[PDB]
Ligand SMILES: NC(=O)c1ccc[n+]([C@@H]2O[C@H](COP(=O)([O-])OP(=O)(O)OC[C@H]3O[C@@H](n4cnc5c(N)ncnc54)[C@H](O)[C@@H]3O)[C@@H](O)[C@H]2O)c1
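Have a look below at one chain only, the form solved without nicotinamide-adenine-dinucleotide (NAD), in structure tokens format.
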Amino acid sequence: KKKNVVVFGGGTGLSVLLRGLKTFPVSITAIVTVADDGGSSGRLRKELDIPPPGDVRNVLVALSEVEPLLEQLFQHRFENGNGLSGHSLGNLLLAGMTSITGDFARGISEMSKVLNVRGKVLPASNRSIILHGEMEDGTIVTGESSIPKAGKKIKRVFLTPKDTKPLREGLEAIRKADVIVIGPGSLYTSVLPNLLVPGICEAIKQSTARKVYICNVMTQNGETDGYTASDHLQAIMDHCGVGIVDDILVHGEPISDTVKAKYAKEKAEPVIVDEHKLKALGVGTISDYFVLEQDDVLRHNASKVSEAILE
């Protein structure tokens, strides 16, 4: 009752949860990855020299409290203009804000006020980060969006520049935290590039807060093929060490044959839950029906999940 929550995640999965988690009596601090280099965000960091804003844009909208009209405007994506075509008005909005203030965090902060955000959203770092991936067979793929495309098995990921630093408010928030949520989002392309910022795993270990890891429901082609729940947990323990996760929240129910097939048409399978290996890794298991279909697509159901992670 009146808990401080920090969420390390990325992608659509994180916005879904955030749109729900905010109606609970919890103070949210969402630290967003700044390593993506795909799509609009990718072009923007290259031609504008700023951190990719895409993920922050979506976290921002999810926690926003404004008219639908304005929310659509912020989410507007241009269809034509070739050079403008593909960009998200919210991305360009954020890009312009960080130019003026010359500080990405500060820009995100100013946008929060505009969007009337309940809480705080911080970038994992105030400068661009590059995601690199070492494959099972030693091959190195550089670039967040290129890793999955390599079609190989990921062995380990790492950030660059090595001297990358998190925001003070970041470490600060992890301290005051009552609960730390690892995820939801891609294991290697969103959750780890967040956690891997220098000082974060460490800061999290020291925190006395309860750490809940929202494990993926589906696998991802070229990233987590064949992974079970423990395979995910393992990868995190390997990159961050023990005491980074206390309980792992999983979807322990079946997935419809229909949804299962739509994903299958994408080399994505349900993430099997090995209750035993999980208990072996020393973490508790929060298992329940934690998802819901949305036109043959699975989303987390923020209400249920938020309730769970809040004990």
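Numbers follow the displayed sequence, beginning with 1.
Judged by mean Cα B factor in the deposited record, 285 to 293 ranks above the other of 9 to 17 and 285 to 293. 90 to 98 and 146 to 154 differ in mean CA B-factor, and the higher of the two is recorded for 146 to 154. The PDB entry assigns the greatest CA B-factor among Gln75, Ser186, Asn194, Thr208 to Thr208. Per the PDB record, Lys279 has a higher Cα B-factor than any other of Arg57, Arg43, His251, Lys279. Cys201: CA B factor lies in the highest third for its chain, per the PDB record. Looking at the C-alpha B-factors along this chain, the one for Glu134 belongs to the middle third. Per-chain ranking of the deposited C-alpha B factor places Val26 in the highest third.
Among the modelled residues of its chain, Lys165 has a C-alpha B-factor that falls in the middle third according to the deposited record. Ranked against the other modelled residues of its chain, the C-alpha B-factor of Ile255 as given in the entry falls in the highest third.
The same protein also has a form deposited with nicotinamide-adenine-dinucleotide (NAD) bound, omitted here; what follows describes it.
Contact with nicotinamide-adenine-dinucleotide (NAD) in the deposited bound form, defined as any heavy atom within 4.5 Å, is confined among 122 to 130, 93 to 101, 212 to 220, 153 to 161 to 212 to 220. Interface membership of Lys22, defined by any non-hydrogen atom within 4.5 Å of nicotinamide-adenine-dinucleotide (NAD) in the deposited bound form, is ruled out. nicotinamide-adenine-dinucleotide (NAD) in the deposited bound form comes within 4.5 Å of a heavy atom belonging to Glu266.
Although the partner is absent here, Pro193 is not a contact residue: none of its heavy atoms lies within 4.5 angstroms of nicotinamide-adenine-dinucleotide (NAD) in the deposited bound form. Under a 4.5 angstroms non-hydrogen atom cutoff, nicotinamide-adenine-dinucleotide (NAD) in the deposited bound form lacks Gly9 among its neighbouring residues.
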